[PDB]
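Novice: sequence? don't have it. structure:
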Ligand SMILES: CCC1=C(C)/C(=C/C2=NC(=C\c3[nH]c(/C=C4\NC(=O)[C@H](C)[C@H]4CC)c(C)c3CCC(=O)O)/C(CCC(=O)O)=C2C)NC1=O
Ligand SMILES: CCC1=C(C)/C(=C/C2=NC(=C\c3[nH]c(/C=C4\NC(=O)[C@H](C)[C@H]4CC)c(C)c3CCC(=O)O)/C(CCC(=O)O)=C2C)NC1=O
Ligand SMILES: CCC1=C(C)/C(=C/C2=NC(=C\c3[nH]c(/C=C4\NC(=O)[C@H](C)[C@H]4CC)c(C)c3CCC(=O)O)/C(CCC(=O)O)=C2C)NC1=O
Ligand SMILES: CCC1=C(C)/C(=C/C2=NC(=C\c3[nH]c(/C=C4\NC(=O)[C@H](C)[C@H]4CC)c(C)c3CCC(=O)O)/C(CCC(=O)O)=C2C)NC1=O
Ligand SMILES: CCC1=C(C)/C(=C/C2=NC(=C\c3[nH]c(/C=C4\NC(=O)[C@H](C)[C@H]4CC)c(C)c3CCC(=O)O)/C(CCC(=O)O)=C2C)NC1=O
Ligand SMILES: CCC1=C(C)/C(=C/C2=NC(=C\c3[nH]c(/C=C4\NC(=O)[C@H](C)[C@H]4CC)c(C)c3CCC(=O)O)/C(CCC(=O)O)=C2C)NC1=O
Ligand SMILES: CCC1=C(C)/C(=C/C2=NC(=C\c3[nH]c(/C=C4\NC(=O)[C@H](C)[C@H]4CC)c(C)c3CCC(=O)O)/C(CCC(=O)O)=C2C)NC1=O
Ligand SMILES: CCC1=C(C)/C(=C/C2=NC(=C\c3[nH]c(/C=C4\NC(=O)[C@H](C)[C@H]4CC)c(C)c3CCC(=O)O)/C(CCC(=O)O)=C2C)NC1=O
Ligand SMILES: CCC1=C(C)/C(=C/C2=NC(=C\c3[nH]c(/C=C4\NC(=O)[C@H](C)[C@H]4CC)c(C)c3CCC(=O)O)/C(CCC(=O)O)=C2C)NC1=O
Ligand SMILES: CCC1=C(C)/C(=C/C2=NC(=C\c3[nH]c(/C=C4\NC(=O)[C@H](C)[C@H]4CC)c(C)c3CCC(=O)O)/C(CCC(=O)O)=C2C)NC1=O
Ligand SMILES: CCC1=C(C)/C(=C/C2=NC(=C\c3[nH]c(/C=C4\NC(=O)[C@H](C)[C@H]4CC)c(C)c3CCC(=O)O)/C(CCC(=O)O)=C2C)NC1=O
């Protein structure tokens, strides 16, 4: 897939020129912040089952019309599918965070899922609140400096925010 | 109990440094456009009875079981508790709006209100929907351009929306 | 608290109904045997020191362990506590007798008692046995036929036995 | 809250017995050594400000991180709280030294101390370190031969040391 | 800790220490916060210990420690525990005090404690409040004693605003259920019909 | 926590930590012997669901005709339907207060927080006062003796609270 | 803390009501005076070092007995610590200017000032001297509204120390 | 009564300390707001005769059934009381305006108003809509800051009646 | 869905023949056992509510420690949910009886139970003793081949939960 460095090289080929010094400047900034990036992604991985669990809690408390019969989560196989869906979407957005480039999100996650859910009868709006509850749960763990040196990751925090904003506007 | 200025001073003391020039610039911008915010807060203050009445009307329209016998707002005492609770939530929404900070809301009001409503068997979804109806009525009353000079307030609209969303999310 | 009239009103209201004719029949019955209930309550009120002292004598007869040095009721400051606990439980039993429901007994007396005694280190089986001995020593004063009209009252003795049993089972 | 006399009395009353002549001899020896005990208590009391200031200086020399931003003892309020805590601890060790028994410590000084510190986030090892510095500073003043007659008080020095160790162990 | 009006200079500081330890909890109160005019007025008896405690309740330090950082539930519990010595017994007290505050201000909310008959009887004009729920006080629930045990976690401990708990409510969960769960048995099947629908 | 004579006497004896002495037995016995007319009036009203609710809503419309016309509260079929529901509530709580022989149910179920709920939906108290005056009129003829006295006493208490 | 906005919110919260006209007018006056205050904050931010040192030598000059060995002034760490303290007061005065309320001072320095001063045998007079130097220096550094706005917090701190 | 100056002196007196920055500068803000409020008071003073009749006629037309015989609005003495009472409100509006605070208005109308209206069976909606008419009329009499300050005071009054 | 008729029809379709003795013989067996199983399910419906509520009480009598305030089992809506879930378990058991195939359990609850329990920390053993309670009652409430097959289906339900 096309990471942020891959995107820089691809645009360089598109203009057919060498890297500017400013290009290497942003790329060095990304490399130096990669440590904070790794701390963030570890925060994602450690709490991921917990995060998906309580996010599902807020979702189903927020929306009771689905677990009850006649809902596309009722027959409890759809439990498995739904939980796997949150798991995999958080996994891909973690991939996007680690890479720092939302391209892999676009390709492996959200190329064509809209038609998928509509042809499956799933109301994507529910999925949109699902992913925003996902960010609501995750940002707490991201701010958690437990066993890690404290520091500013407002850049990373906003980056993850826009990541889930992409996910929301996408699936919506 | 903090406003944005006291938050900035808190981060400055955490670092132990003077307030940096970017912080001072954004705080000066906050103060400059604060006359937007004062007028929006005044609109909320002088319209609040209307928002409360409208939230009650639509809320009990969507869920009439709350006024059915044994419904958890049936007697006049629980109706008074419902109206008083929505009024209080709106009060701290306006306090957060003026302060530009969601610290007063979350600390003073939203710290245990979920457990308060759980301990009394109150359906927190009804309270959350009441908060959402209040935000809708508040936006309707914030578009009011009478007796005032016309301008842009999309920052204030986003602030009010995110404060009401903070309330309706912390409740449940 | 809830006596039998307010209790019946509660079950009538929570189901959104008036009081059915049968309900009025039972409760008017309760009213007419009210004078017998008053006699029983007066018997419990006037013979209170006798019931308490008889239960105390018996209780410290089987378990001398309490009144030995190192026993709970030893230091002569805990004996007054024992006697005052007996007075309180007898008083609440007579309250539940006059009212007609264990609402008084289960609200103002029993909800937080077993763990209170666990906190103090007091044995709760001994308190349960004290209440059982009080039930014994109180039926005989309750069945006394002197200076009062004569009639069948087995309902009141059954009911008072139930209240003493409920207090003992709560504490035990 | 028990001195040594009341402690012997209590463990006598557990046996339901009179105080043995051995315990009488022990408490008579304690009462005879009470002059040494009083002089040690006075030496601690008079030199309370010197000991607290000296311990504070050594603590903030060997440990600086408290007083830079983000540290526990930064503002004037937290420095005042630190000095107040150390003064209270020294006061309670003087109390225990007079009583001859550590009852006052566990009853009042350390009753909810460690929980308080783990709540407020105070580094408990730092508090133990401050208590150790007070130990070191206080033995110097206790051993002050000036103005008092000469006699072996090594038992009292050991007892005060054990009191300081007990406070340190409870806090940590 | 009483204050006989002809009292002398010493133990006025003792009464002050007792008051600032009771009203504010074991939280430290820097003499940048002591209302000196109130203490001077109390010195000659222009106000009693009850009026002085009324003032300390209505200072900005008491509010800062207890009102601003906490919900109203924790505020009611703390008012009871500090200006009365006992945990609240039932939700009726909490509802009454919350509505009274909401409708009439912090001033009237505190006056409901200070000039109540319980304060007149147990302490009166000239006795510093103390924790009394540990003994059986006439006409209590067994929840009053349990609540005072729950709020009072230790002699060293205190009810401090500056804490990572955020000074959350210790007792409203404890106090809540008994009055308002007798209707649980029916709300059960109402929720069942809501769910199975 | 409804408040009826037994409940206040148990509460006042519990507050003082004493057994029930002679005075509250006085109250209890008088109240028990008074129960019979109360229950008679309560069941009499209970039979009379429809006559009283319908007469009250018609008398409200008669006394406040301007409410009936569109652009006001009274307009809308379901509106007057649940106005009849409100009148049924009031009648039900009058019967409850008769049965309990105390204002406990009336207070705790209507009168507590009544002004706020009236103002915040903008309900005119005189509406319900006129309805209760009609109920005065109906219980003037339906009942008799002590039962009439109790029923009117409770209804005037409700009016006093509303009016 | 306790700003103008924060004090208005506290008053309208404890009293359990909304914000009326007068509280909004107080907020409006605060918003008006914010810009001179932010200008003064910028000015004192830029000249932090000069003010800190000038105050340090001013204090050592007013009480020359402090410097020589055997007392507080002697010791390189001690003078560096003097500089740290004077910078602390300067930073908190800038903070009060930014917030347009005496909040940060009362929170960070005044609350606990006397007890820490007496515990370490520090002297207020040293800090009144340094604050007087900062007063004089900002007298020429600033002009107009921001002048008196900064002077007001300077002599508030001086009153607190005195 | 209550002004901004009153809360200044009180919240400086309850704490038992001299006047610090915040309350003096809030008084300053009141001082800017003072004189334009005084010209607004002039404007509402010149038009009292028109406004009393406008308010009473507003009461008459918006509520027809009050005007019919046997009701609160019918009666020459009743209407004279209406005019006198609305004049009383408007004079208190002028008092509060010149005071820069609702103080005189508060302690002459608001504090415990509702039981007074309830005793004589006097509805508050009458006065709510009459003050709404006065809002509309002062909206055209004044513009800008004076209109805002008059509108806020009438809004505070109607909130009291509400 | 899944049931003996449907496995037969699929393994004759995807295999591409016409049916012979074995499968139609199985169909004979199913169509004959229908009456026992169907009346058994009828009885289960006839006694369901006692089953569910006593199952809740049975869980608590075996798991009282899960019920106290402060842990998962505490909660009113929690309780309603408990009864709800065990209701579906009984319900799908009835469907299994009706279908005379383990299908409905497989399709709905046996499909993906393990991971949703791991997501929500739901101990299956709970549901296991609830079903043990259920079988204890159905031993008496049902007889003969009907109790046999019902026990078989609920046993396989446990084996899934196991
Ligand atoms: C296995 C891959 C890997 C990880 C996970 C990793 C974490 C990591 N983060 C570090 C520093 C750090 N880590 C963080 C990030 C954290 N602090 C912020 O407050 C956030 C809450 C949070 C990020 C979301 C920061 C800010 C630093 C300080 C380094 C700097 O000055 O930029 C360090 C150096 C010091 C230490 O041992 O802690 C490590 C090893 N290093 C690795 O090789
Ligand atoms: C348990 C005791 C109790 C009572 C009695 C009670 C009455 C009550 N009055 C209400 C408002 C109302 N009440 C009325 C009744 C009026 N309509 C006119 O025709 C009549 C003159 C008059 C009645 C005879 C109306 C129309 C509303 C709706 C007002 C609104 O929604 O804006 C509502 C809100 C219901 C809804 O919005 O649909 C209730 C429940 N509430 C309680 O808790
Ligand atoms: C001062 C800050 C603050 C507030 C205002 C607060 C709200 C609050 N609401 C409560 C009860 C209540 N809350 C409500 C309102 C909800 N119930 C229904 O579902 C409505 C639809 C819904 C309204 C949106 C009701 C009806 C009660 C009464 C329950 C009862 O009496 O048992 C209680 C417990 C006792 C009482 O006050 O009645 C609190 C403390 N908590 C706080 O810390
Ligand atoms: C006494 C209490 C008080 C009030 C009542 C108040 C309203 C108020 N808003 C103002 C500015 C303003 N206020 C608004 C906002 C309004 N226009 C938009 O359409 C919004 C829908 C709407 C409210 C959100 C705008 C656009 C301005 C002028 C632009 C600016 O100030 O930069 C002004 C000054 C007018 C000027 O700068 O010439 C006042 C007095 N301010 C106060 O301190
Ligand atoms: C209103 C309802 C209510 C009840 C019933 C109640 C019981 C109660 N009994 C207590 C003490 C006590 N109670 C006892 C009695 C037990 N010891 C022996 O085993 C006896 C067999 C047995 C008596 C039946 C003793 C010995 C104490 C003293 C415990 C101590 O001081 O260490 C205490 C602790 C307060 C005190 O020291 O007086 C309570 C709260 N409290 C209430 O609020
Ligand atoms: C001030 C409080 C008060 C009391 C105490 C009271 C007692 C009382 N008991 C009565 C009858 C009675 N009293 C009793 C009670 C006794 N008979 C049973 O054998 C038991 C020995 C015992 C009850 C367990 C009974 C059974 C009646 C007959 C009532 C009936 O026919 O239903 C009567 C009616 C005729 C009379 O004797 O004057 C009164 C007034 N009345 C009061 O106002
Ligand atoms: C029974 C007598 C008693 C004790 C023992 C006691 C300890 C105590 N210390 C406290 C605060 C404190 N105590 C310290 C002391 C620490 N600072 C450094 O770390 C040092 C190593 C260490 C001192 C040895 C600090 C920094 C605080 C304030 C922490 C905060 O509020 O965040 C508090 C919280 C009260 C408040 O809100 O101010 C208590 C209860 N209090 C009492 O009434
Ligand atoms: C104002 C209240 C007061 C106090 C507190 C007091 C203490 C006191 N110290 C005394 C002498 C003494 N003081 C000490 C203690 C010292 N020995 C050294 O090693 C240590 C530095 C130090 C103790 C750590 C000793 C050992 C004696 C001799 C008395 C004896 O041996 O019993 C004596 C007896 C006089 C004598 O025998 O010379 C008393 C009563 N007297 C008072 O009037
Ligand atoms: C709000 C921020 C804050 C302040 C303001 C503060 C005051 C403060 N100043 C200190 C040291 C000191 N500061 C001075 C200053 C003097 N030196 C010369 O004599 C001059 C005349 C004069 C400088 C104007 C000195 C001598 C000490 C050493 C005190 C000692 O160790 O005995 C200390 C003890 C150790 C330390 O914290 O560094 C405190 C607590 N503490 C804080 O956390
Ligand atoms: C100092 C300030 C002051 C105020 C605010 C005030 C209002 C006021 N109006 C009153 C009577 C009255 N007020 C009115 C006017 C109302 N009824 C209808 O006619 C109209 C719809 C409506 C006018 C908008 C009427 C008719 C009365 C006579 C009592 C009655 O008819 O019930 C009364 C009772 C005593 C009296 O004045 O005679 C007061 C206090 N009076 C004052 O002295
Ligand atoms: C038809 C197939 C089906 C299955 C398999 C199913 C499992 C299931 N269990 C749930 C909740 C739950 N179910 C349980 C387990 C029960 N409660 C515990 O107290 C008892 C030990 C136990 C009953 C004996 C628990 C603990 C939760 C979590 C409740 C929550 O946290 O919200 C939820 C929804 C989350 C919620 O809104 O709470 C599902 C979907 N639901 C189904 O419709």
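Specialist: Alright, I've got the coordinates. Numbers count the residues shown, from 1 in each chain, chains lettered A, B, ... in the order given. Ligands and ions are numbered 1, 2, ... in the order given.
Novice: helix, strand, or coil at the residue most central in space within chain E?
Specialist: Nearest to the mean C-alpha position of chain E, counting by CA atoms, centre = their mean, stands residue E:79 at 2.0 Å. Put simply, residue E:79 is helix when judged by DSSP: H, G, I helix; E, B strand; the rest coil.
Novice: didn't it look like it was pressed against residue E:98?
Specialist: No: using CB atoms under 8 Å, residue E:79 is not in contact with residue E:98; the gap is 11.1 Å. In this view, the C-beta of every residue, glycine as well, is placed from N, C-alpha and C.
Novice: and the residue nearest in space to the middle of chain A, how far from residue A:151?
Specialist: Closest to where the C-alpha atoms of chain A average out (CA atoms, centre = their mean) is residue A:93, at 2.6 Å. Distance, residue A:93 to residue A:151, by CB to CB, to the nearest Å: 22 Å.
Novice: in stretch E:189-197, what's buried?
Specialist: By 16 or more other CB atoms under 10 Å in any protein chain shown, the buried positions in stretch E:189-197 come out as E:190-192, E:194-195.
Novice: same question but for stretch F:124-143, I mixed them up
Specialist: F:125-135, F:138-139, F:142-143.
Novice: show me which of these neighbour ligand 8.
Specialist: Counting by CB under 6 Å from any ligand atom, nothing from those sits close to ligand 8.
Novice: list just the nearest of those residues to ligand 7.
Specialist: Lowest distance from ligand 7 to the buried residues of stretch F:124-143 (CB to the nearest ligand atom) belongs to residue F:125, with 50.0 Å.
Novice: touching, the closest one and residue F:162? I think so.
Specialist: Yes: using CB under 8 Å, residue F:125 makes contact with residue F:162 at a distance of 4.8 Å.
Novice: now the residue nearest to the centre of chain E: closest residue in space, sequence neighbours ignored.
Specialist: residue E:113 (5.7 Å; CB to CB, 6 or more residues apart in numbering or on different chains).
Novice: can you point out the buried residues in the host helix or strand of that neighbour?
Specialist: Using DSSP states H and E, residue E:113 falls within helix E:91-114. Judged by neighbour count (16+ other CB under 10 Å), helix E:91-114 contains these buried residues: E:91, E:94, E:97-102, E:106, E:109-114.
Novice: go on, stretch F:7-23?
Specialist: Burial within stretch F:7-23, assessed by neighbour count using 16+ other CB under 10 Å, is assigned to F:7, F:9-11, F:13-14, F:19-20.
Novice: now stretch F:85-96
Specialist: Neighbour-count burial for stretch F:85-96 flags F:86-96 (criterion: 16+ other CB under 10 Å).
Novice: what's the closest non-adjacent residue to residue 166?
Specialist: All of this is about chain A. Closest to residue A:166 by CB to CB, 6+ apart is residue A:102, at 5.7 Å.
Novice: I was thinking of chain E, sorry if that wasn't clear
Specialist: Spatial nearest neighbour of residue E:166, excluding adjacent residues (CB to CB, 6+ apart): residue B:111 at 5.6 Å.
Novice: again with residue F:59
Specialist: Using CB to CB, 6+ apart, the closest residue to residue F:59 is residue F:134 (4.0 Å).
Novice: one more: residue F:83?
Specialist: Leaving aside its chain neighbours, residue F:83 sits nearest to residue F:57 (6.0 Å; criterion: CB to CB, 6+ apart).
Novice: who touches the host helix or strand of that neighbour?
Specialist: According to DSSP H and E, residue F:57 maps onto helix F:49-63. Under the criterion CB atoms under 8 Å, 6 or more residues apart in numbering or on different chains, residues C:18, F:45, F:67-68, F:74, F:80, F:83-84, F:87-88, F:91, F:127, F:130-135, F:138 lie in contact with helix F:49-63.
Novice: repeat that for stretch A:127-134.
Specialist: By CB under 8 Å, 6+ apart, stretch A:127-134 touches A:51-52, A:55, A:58-59, A:62-63, A:85-86, A:89-90, A:117, A:164, A:167-168, A:171-172.
Novice: and it, how far from the chain's centre?
Specialist: In this view, stretch A:127-134 has its centroid 11 Å away from the chain centroid, taken as CA atoms, centre = their mean, to the nearest Å.
Novice: near ligand 11 at all, it?
Specialist: No: applying CB under 6 Å from any ligand atom, one finds stretch A:127-134 out of contact with ligand 11, separated by at least 13.6 Å.
Novice: residues contacting the spatially most central residue of chain F?
Specialist: When CA atoms, centre = their mean is applied to chain F, the residue found nearest the centroid is residue F:94 (3.0 Å). Neighbouring residues of residue F:94 by CB under 8 Å, 6+ apart: F:45, F:106, F:135, F:151, F:154-155, F:158.
Novice: kindly report the same for residue E:23.
Specialist: Going by CB under 8 Å, 6+ apart, the list of residues near residue E:23 reads E:53, E:56-57, E:62, E:82-83, E:129.
Novice: identify the farthest-apart pair in the residues you listed.
Specialist: For the contacts of residue E:23, the farthest-apart pair by CB to CB is E:62 and E:129; their separation is 13.4 Å.
Novice: quick one, which of those two is more surrounded?
Specialist: The neighbour comparison of residue E:62 against residue E:129 (other CB atoms under 10 Å in any protein chain shown) goes to residue E:62, with 25 against 22.
Novice: pretty sure that one contacts residue E:24?
Specialist: Yes: between residue E:62 and residue E:24 a contact is recorded at 6.6 Å, counting by CB under 8 Å.
Novice: overlap in contacts of the two?
Specialist: Listed as contacting both residue E:62 and residue E:24 by CB under 8 Å, 6+ apart are residue E:56.
Novice: what's the angle from the helix holding residue E:113 to helix G:4-14?
Specialist: Computed with axes from the mean of the first three to the mean of the last three CA atoms, to 10 degrees, the direction of helix E:91-114 lies at 110 degrees from that of helix G:4-14.
Novice: contacting residues around the residue of chain E found nearest chain B?
Specialist: Of all residues in chain E, the one sitting closest to chain B is residue E:176 (3.5 Å; CB to the nearest CB). Contact analysis of residue E:176 by CB under 8 Å, 6+ apart lists B:116, B:119-120, E:91.
Novice: give the next helix or strand downstream of the helix or strand harbouring residue A:97.
Specialist: Counting by DSSP H and E, the element that carries residue A:97 is helix A:77-99. Once the chain leaves helix A:77-99, the next helix or strand it forms, by DSSP H and E, is helix A:103-104.
Novice: mind giving me the packing neighbours of that following helix?
Specialist: Applying 3 or more CB pairs under 8 Å, 6 or more residues apart in numbering or on different chains; DSSP states H and E, we find helix A:103-104 packed against helix A:77-99.
Novice: helix I:113-120 and the helix it packs on, what's the angle between them?
Specialist: 60 degrees.
Novice: and helix A:77-99, what's buried?
Specialist: For helix A:77-99, the neighbour count (16+ other CB under 10 Å) marks A:77-80, A:82-83, A:85-87, A:89-90, A:92-99 as buried.
Novice: residues from chain F in reach of chain E?
Specialist: Contact residues, chain F versus chain E (CB under 8 Å from any CB of the partner chain): F:1, F:14-17.
Novice: show only the entries of those residues found in strands.
Specialist: Using DSSP state E, no member of the residues of chain F next to chain E falls in strands.
Novice: which ones among those map onto helices?
Specialist: The members of the residues of chain F next to chain E that map onto helices under DSSP state H are F:14-15.
Novice: can you list the residues of chain F next to chain E in TSV and add distance to ligand 6?
Specialist: Converted to TSV, the residues of chain F next to chain E look like this (distance: CB to the nearest ligand atom, whole Å):
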residue	distance to ligand 6
F:1	26
F:14	19
F:15	21
F:16	19
F:17	21
